[PDB]
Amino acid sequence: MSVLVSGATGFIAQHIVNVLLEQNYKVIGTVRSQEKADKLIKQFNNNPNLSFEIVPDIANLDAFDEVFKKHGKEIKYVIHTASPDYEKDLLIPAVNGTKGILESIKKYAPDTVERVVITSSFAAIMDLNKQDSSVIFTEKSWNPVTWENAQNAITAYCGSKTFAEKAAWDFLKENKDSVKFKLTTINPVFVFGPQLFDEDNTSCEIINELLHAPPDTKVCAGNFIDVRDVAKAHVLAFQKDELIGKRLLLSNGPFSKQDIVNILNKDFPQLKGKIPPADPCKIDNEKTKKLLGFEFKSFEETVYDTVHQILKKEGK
């Protein structure tokens, strides 16, 4: 049947839609405007298996009500990727962005939706105050920040992401006999990779910054995951039964900016001499890798595809 993809304009969500159309799924995406919908319709070459509903503000808890009033009989899988005084402008909006679509499911399609896949984040896993060499974050690690502590300019974003995921798990806890669906969350780190459409910013800006940096520019910035890997995991999350109830930590290891510079220098020979020169908190997500069962893209691959697309836009 039909798959609902929230926020289909997203860097990840467009790839999710491409993967679902790859497998001949019927896809209903939600975007913030009619212009966005028509743009995406054109870019996917008028595929009759793809349609869109307009949901402008997912800070409204009733945002997805019309979607499930119209298509509640056909939506079998839901992939929720969209996301919207720190308590009144970030925290409560995030909790609501999680709870609203689930309330709509509970209202209008409680026995049709079988799987819900929610894009969370590594920010809901890491502990900012433990960034100690013996601490390893796994899929079961949770960000311990409290509601009161999440209202400062350091703990606001990670706190809102954390409580947004907690809200989904709590909804499933308190609504076992009102809904049928099972829940899986996707928790990515820094997401690199190419845009689905050349014609079209993200954290890839980092790469874009070093691709254009003068050679005199001074050079572990975190962990990386390719956007196509995140998209593929989103679909396996509703297809495979061993992914039921799992938090899938999407990461493929640490990276530095010098790694980006080295890839740029050796794989794009036109840039050597025009860019900085070459030079010859831990995560354990082996469980996510085993459960997913496929090999992630390496840092070299994701950087190469990002840079190749950027240089193709520039006529280089």
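Residue numbers here begin at 1 and follow the sequence given.
Gap between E209 and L210: none; every deposited residue in this span has coordinates.
Deposited sequence between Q239 and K240: no residues lack coordinates (chain continuous).
Remark: stretch with higher mean C-alpha B factor among 284-292 and 49-57 is 49-57. Between the stretches 97-105 and 174-182, it is 174-182 that shows the larger average CA temperature factor.
When the C-alpha B-factors of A156, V191, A124, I75 are ranked from the entry, the top spot goes to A156. When the C-alpha B-factors of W169, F224, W147, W142 are read from the PDB record, the largest value belongs to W147.
In this PDB entry, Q43 carries a Cα temperature factor that places it within the middle third of its chain's modelled residues. Ranked against the other modelled residues of its chain, the C-alpha B-factor of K257 as given in the entry falls in the lowest third.
Placement of the Cα temperature factor of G245 within the chain: lowest third of the modelled residues, per the deposited record. When the CA B factors of the chain's modelled residues are split into thirds, the value for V116 lands in the lowest one. Ranked by Cα temperature factor within the chain, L311 sits in the middle third according to the deposited record.
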